[PDB]
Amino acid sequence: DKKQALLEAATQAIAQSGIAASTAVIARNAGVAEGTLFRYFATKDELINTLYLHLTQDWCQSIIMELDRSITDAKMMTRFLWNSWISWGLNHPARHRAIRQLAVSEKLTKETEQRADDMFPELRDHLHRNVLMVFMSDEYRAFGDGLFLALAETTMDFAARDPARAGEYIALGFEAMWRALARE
């Protein structure tokens, strides 16, 4: 599928260069021309919105596939979701780097933000109950996501480069994130 080829190529390019990644590079790496890229995505912004939804679906399905239903404590459930997030990023570091660039972008439309939330409603509701009010507000929700993604990517980076201590980085990063973002 050439649409999937373009999305995979856009993941790799945006992980490397951010949203500044060139659509000519992306198309060529997908094995297609820049013109047919724009026949799939009429604008670069449309490519960016669709890719963010594609990657959001990917990590949502992966984390839904691991959801431990025994966990009934709110902080332990958040630790499990954090662990699942770090694992996804360690397993797919390009996807995580790309999604971190996309999530903190002003190019995401309101329909995209709504569709991203609806892909994992149990998680959206869980965060509404446990995250500090300011980081669910209309004005500071994206910044709260940016702070989460920054602590998570740092945690992945140190876990990946020093795997003998990966569990420690992940638990220290979790505890740091929990008091940065969560209701005490």
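All residue numbers are counted from 1 along the displayed sequence.
If you average the C-alpha B-factors over 154-162 and over 31-39, the higher value belongs to 31-39.
Of the two segments, 143-151 and 53-61, the one listed with the higher mean B-factor is 53-61 (C-alpha atoms only). When the modelled residues of the chain are ordered by C-alpha B-factor, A15 sits in the middle third. Sorting the modelled residues of the chain by their CA temperature factor places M136 in the middle third. The deposited CA B-factor of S87 belongs to the middle third of values across its chain.
In this PDB entry, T78 carries a Cα temperature factor that places it within the lowest third of its chain's modelled residues. Among the modelled residues of its chain, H126 has a C-alpha B-factor that falls in the lowest third, as given in the PDB entry.
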